[PDB]
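Working notes for the structure below.
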Amino acid sequence: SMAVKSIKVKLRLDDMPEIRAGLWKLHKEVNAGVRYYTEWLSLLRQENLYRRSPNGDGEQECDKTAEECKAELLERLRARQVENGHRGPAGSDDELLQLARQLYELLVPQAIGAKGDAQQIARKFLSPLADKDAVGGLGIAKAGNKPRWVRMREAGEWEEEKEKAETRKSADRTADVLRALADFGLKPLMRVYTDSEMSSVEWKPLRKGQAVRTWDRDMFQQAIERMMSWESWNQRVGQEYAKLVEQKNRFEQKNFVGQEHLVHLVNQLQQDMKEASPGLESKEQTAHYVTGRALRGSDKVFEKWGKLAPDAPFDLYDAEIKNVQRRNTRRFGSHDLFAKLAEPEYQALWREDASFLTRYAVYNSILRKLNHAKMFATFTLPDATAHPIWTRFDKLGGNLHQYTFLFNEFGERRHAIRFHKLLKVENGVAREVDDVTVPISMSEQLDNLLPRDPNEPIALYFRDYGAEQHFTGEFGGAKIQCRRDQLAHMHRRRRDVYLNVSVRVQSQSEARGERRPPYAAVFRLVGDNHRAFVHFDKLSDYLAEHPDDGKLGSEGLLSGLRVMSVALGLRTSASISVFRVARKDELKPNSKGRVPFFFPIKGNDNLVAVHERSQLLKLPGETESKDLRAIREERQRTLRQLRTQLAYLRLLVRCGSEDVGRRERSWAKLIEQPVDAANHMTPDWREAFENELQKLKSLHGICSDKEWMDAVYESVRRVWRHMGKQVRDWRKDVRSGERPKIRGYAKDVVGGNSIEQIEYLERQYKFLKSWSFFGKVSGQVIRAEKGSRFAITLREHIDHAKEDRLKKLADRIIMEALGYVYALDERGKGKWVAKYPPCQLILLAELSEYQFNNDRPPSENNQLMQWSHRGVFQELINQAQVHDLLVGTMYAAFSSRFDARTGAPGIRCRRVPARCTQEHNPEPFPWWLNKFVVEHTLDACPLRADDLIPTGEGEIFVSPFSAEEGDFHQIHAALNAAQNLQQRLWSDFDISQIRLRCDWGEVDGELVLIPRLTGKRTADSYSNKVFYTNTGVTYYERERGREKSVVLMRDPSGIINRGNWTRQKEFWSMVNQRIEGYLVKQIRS
RNA sequence: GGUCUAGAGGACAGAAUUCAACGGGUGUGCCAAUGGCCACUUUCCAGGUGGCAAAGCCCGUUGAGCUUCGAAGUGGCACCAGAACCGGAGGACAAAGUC
DNA sequence: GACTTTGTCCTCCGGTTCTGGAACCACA
DNA sequence: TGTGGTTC
DNA sequence: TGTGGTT
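Residue numbers for the first sequence, in the deposited numbering: 0 to 156, 159 to 495, 498 to 1044, 1071 to 1114.
Written out as structure tokens, the structure is:
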């Protein structure tokens, strides 16, 4: 309900080692205590425990079985009865097991599916289960917080709330379980960890009437917590595994019921390729099974195969596969799958039903995921060094051991923390101590914290660059942490210790005692994806109650109504456009008097959405220039050299194979062609490689196998040892190298926070991995060892780099949404200023379904991980809480393919750079200009500067503006997508206005397209309607309500096919003809 | 100034373009930002493990020397975390088949 | 550079389920 | 504003 | 090319 932030703080423990060893001892104690109680809970559960399987990561084993639990549980219970000196009934094994299980279901209600408060369950039971003289849980004690009906009865009047106390107390079996435990001599069930032989710490002596220390109460809660979430996962894994088995069986008899002979045929296919495979021997059940990844682009290959003869030779089937791959190599599947699907015996899989193989691939995915699906969540006890938990410390006033944050205890910015209870270690004995004050290492992050009230040392103020007035806040709980790397070690040194302090920060809205900001009633956010919907009824009165008054920054959220849409990307991290709700009674702007751009708003005819500004929120490193292009090329020059040098080293290695027909085919590829016509290698290593080739040329055929093979391996060593010194020096220049480093603020940097610099780092990792796992013996597989780490420090740098990019991306978006711009003065040299009125909503694209998937090619999956847009989305929701900024999503399908101003569909284009058209030393054509020149054969045609090149993936969106041939509307693709999201917000856009899935059928005697009813909006418009044709391309609606479905598209602007419903294929080719067909025809002249 | 609208910090193309001493401090990191030496890992490279060492880093003041108008300028940025868990996918190696 | 199949190892990205309390009464 | 057992 | 990203 309130924004919680963690500020991690480092303790200066140099001058006091006795406390550092005490903090470490306290860490081992709290972990031991939590492990003790957690292990107890697992025995009460008396079900199977599963652990991580060694000797193979994947499945799971049974660490401890149910009988093992019950047998060990009873051993503890019987021994406890003896320890408690029980002279009453001992209870049968079954009685004691049932009691323990009852207790367990009270301590972890998630085990049976109920809800549980780890705070109040641990408070309720620790003393009754560990205090010899405890009276809690029963109904005897008069202390405790008053019931809710007693608080009402004294002020706030009762009748129903006193009833709910009794009817909940009736279903409370705590008192009976406790009394049962007592009658069985288990009145203390467990031990108080601190007051037990397990701990060697000389704790402060127990007061009268005390058995439990605050340290034990922390330990016990943290055991309940982990035990609750795990039981929740035990239930979740089992449920999800049940729905998989149901998915498998509900699929075969709902997809290919009458298609049983094809199932038997693809099975023959999958074992055909299984036996005929030269790869590694199969071990998985679904090995060589037909997956969607291998069938990528099978739709195109199948239609092209349909226009062929079943008895035709292979090459016309095969060359029909090569043409589908050449159209785009990224979105293509397996050649060998299509090669075997062209064989006549297997042709029936795609001939009869052209969608059967993709259907059966979904079945195979269900088969594989089921073979790996777990049925239980692994159970892992805490450990002080392997799986650490951290000792908690309540704020001042809390019930645990507390701490105060001491502002400026030792100097201007020399803060301190006073632990009111701690551990001190002197000459090997741990002793509990009071009131230990520990200085904190300097932290500019702490400069955002100011003390609020001297009488209440918990209060604070919270600074933020995007808030004119500091937020009010309070210190919260803290936890003592160490680094994971300084944990598994022991050594003999005096290990940094940190305190992770939770800060609770109150937003300006929260400070006014309102559950939600007043503008939250205008925007409906739905689901976990925060799908944004506008209450068009309510924004007419909101503008009346909240008129724009010009207040900037955080002071303007209660005046005006603005939404900022954001188009995340890789080239530019964020592209935004800001719109303001305003009456259509407006005027001309301050610049040159041009009617402003606006969008109509559904419902209100008096109100429009006026465009305020658009901006490219580039993170540093996302610029480009002649010199920047050069440095980025040079920074990877030697890397790209070594990468191709290694690729030919492996060609040389294959020449020493024991397989005649492998070394001969490999030795051919080395002598047939020159070594480096592209000049991609280094000179000196290439010369060394050429020497070894010409040396082997004077031995090939002349010599014997075991004498030629021996020389090939001896030439690999010379060349590998040579390249080994090159990899050695390259790394020296990467770490120790003296490259220029920016000072102060500077725009236009080499890498910055860009994708390319992170990939510049990633590229180095991949090559080093490839270099270390390079094999001098042909055919051998070299993988990493079962617990190895590779390039630890480089890997940690790559991860930190992505973390910094993520947080700076979200902050840039939020600072812009609030209306702050980082501006330079050179007398101040950069400062956040409030330049614009803020936006109450940040509108992102709905991309939750744009996930990594095996159907996607790996290069597309890789970019999605580089991008990690969902991470950006989650970091936005985090950082927006304090500022009262709503972040929502908009349905994004075709957001980048239709014009935001016009509505007409379009194509993403690039413009020719002047580098390639200048007559004085022209630079080579890029990749996309080459592919375009080749498709239309424009080798003899002179391209001009800024010539539009339709590539389908450029940064410039082009759409037809009218029937005029050539009349284009061009706008930044990302900004056009951003404005499309805005246009969809104010009009309640549904995809059914533009795209429709239909199936053929009979309605009024004629064959028509029956639209699929998906969602209430598609049903509200097209349920009673049906589409007819005269030609098969252009469809028209009626009013009455093959085997594959048909997708109909529509141009809302009426420019393409007069906005009639058109089949998807021909629709996008009409779009192509009016843009690409025109640009090509004009270049040819 | 050329191209393109959204008319904005507009977007594309183009033309243009660091020592020293002393004092204090070194939360997590990033910005061209991936530490150094030794030993071990059978072997040289990569990677890892361990050991050692001084610092390297910022900030301030006083000097120099640079570089633009005697003055100024020799650093900027971001930060909500903890544990466990279930998934989704990358990466590397070998064979084979493909643009 | 891009793409597929086989296995096995290290890594990363996304989401879940717990969490980072409050307050009364007898103490001696 | 104590703690420690106790209830919310 | 055809949801979203962009070699």
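Cβ atoms here follow ideal geometry from the backbone N, Cα and C, with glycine treated the same way.
Taking residue i as part of the beta strand (DSSP E), name the residues at either end of that continuous run.
| i | result |
| --- | --- |
| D732 | No beta strand (DSSP E) holds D732; the alpha helix (DSSP H) holding it covers 708-738. |
| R527 | 526-529 |
| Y894 | 889-894 |
| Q618 | 610-620 |
| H975 | 971-975 |
| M1078 | 1075-1078 |
| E849 | 844-849 |
| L450 | 450-452 |
| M567 | 565-571 |
| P953 | 951-953 |
Distance, Cα to Cα, residue i vs residue j?
| i | j | result |
| --- | --- | --- |
| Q697 | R327 | 36 Å |
| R494 | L645 | 42 Å |
| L528 | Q884 | 15 Å |
| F394 | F408 | 18 Å |
| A804 | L764 | 9 Å |
| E710 | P686 | 29 Å |
| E615 | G969 | 30 Å |
| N1089 | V1011 | 16 Å |
| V291 | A181 | 60 Å |
| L368 | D319 | 30 Å |
| residue 157 | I959 | Within the gap of the chain, which runs from 156 to 159, lies residue 157, and it has no coordinates in the structure. |
| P108 | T905 | 58 Å |
| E863 | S278 | 27 Å |
| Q882 | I816 | 10 Å |
| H939 | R1113 | 9 Å |
| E693 | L654 | 13 Å |
| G474 | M1 | 10 Å |
| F357 | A343 | 15 Å |
| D173 | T892 | 44 Å |
Under DSSP, the alpha helix (DSSP H) around residue i begins and ends at which residues?
| i | result |
| --- | --- |
| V238 | 215-256 |
| residue 158 | There are no coordinates for residue 158 in this structure, because the numbering of the chain runs from 156 directly to 159. |
| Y1107 | 1107-1112 |
| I761 | 758-775 |
| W688 | 686-700 |
| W670 | 666-674 |
| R1087 | Neither: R1087 is in no alpha helix (DSSP H) and is coded neither H nor E. |
| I959 | Run containing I959: none in the alpha helix (DSSP H); it sits in the beta strand (DSSP E), 959-963. |
In the DSSP assignment, what residue or residues form a beta bridge with residue i?
| i | result |
| --- | --- |
| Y1031 | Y1039 |
| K69 | In DSSP, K69 forms no bridge with anything. |
| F406 | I418 |
| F394 | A479 |
| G474 | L461, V508 |
| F901 | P908 |
Since I believe residue j is in contact with residue i (beta carbons under 8 Å), could you give me their beta-carbon distance rounded to a whole number of angstroms?
| i | j | result |
| --- | --- | --- |
| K188 | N83 | 6 Å |
| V508 | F463 | 5 Å |
| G138 | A176 | 6 Å |
| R808 | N756 | 4 Å |
| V3 | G477 | 7 Å |
| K480 | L622 | No, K480 and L622 are not in contact; Cβ-Cβ is about 32 Å, not under 8 Å. |
| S578 | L978 | 5 Å |
>> List, from N- to C-terminal side, the alpha helix (DSSP H) runs of 4 residues or more that fit wholly inside the stretch 980-1025.
In response: Fully enclosed alpha helix (DSSP H) runs of 4 or longer: 1018-1025.
> In chain order, which continuous runs of the alpha helix (DSSP H) of length 4 or greater are located wholly inside the stretch 26-91?
Replying inline: As far as the stretch 26-91 is concerned, its whole alpha helix (DSSP H) runs of at least 4 residues are 65-82.
> Taking the runs of the alpha helix (DSSP H) that are 4 residues or longer, which of them lie wholly in the stretch 116-151?
Replying inline: Runs of the alpha helix (DSSP H) inside the stretch 116-151: 117-129.
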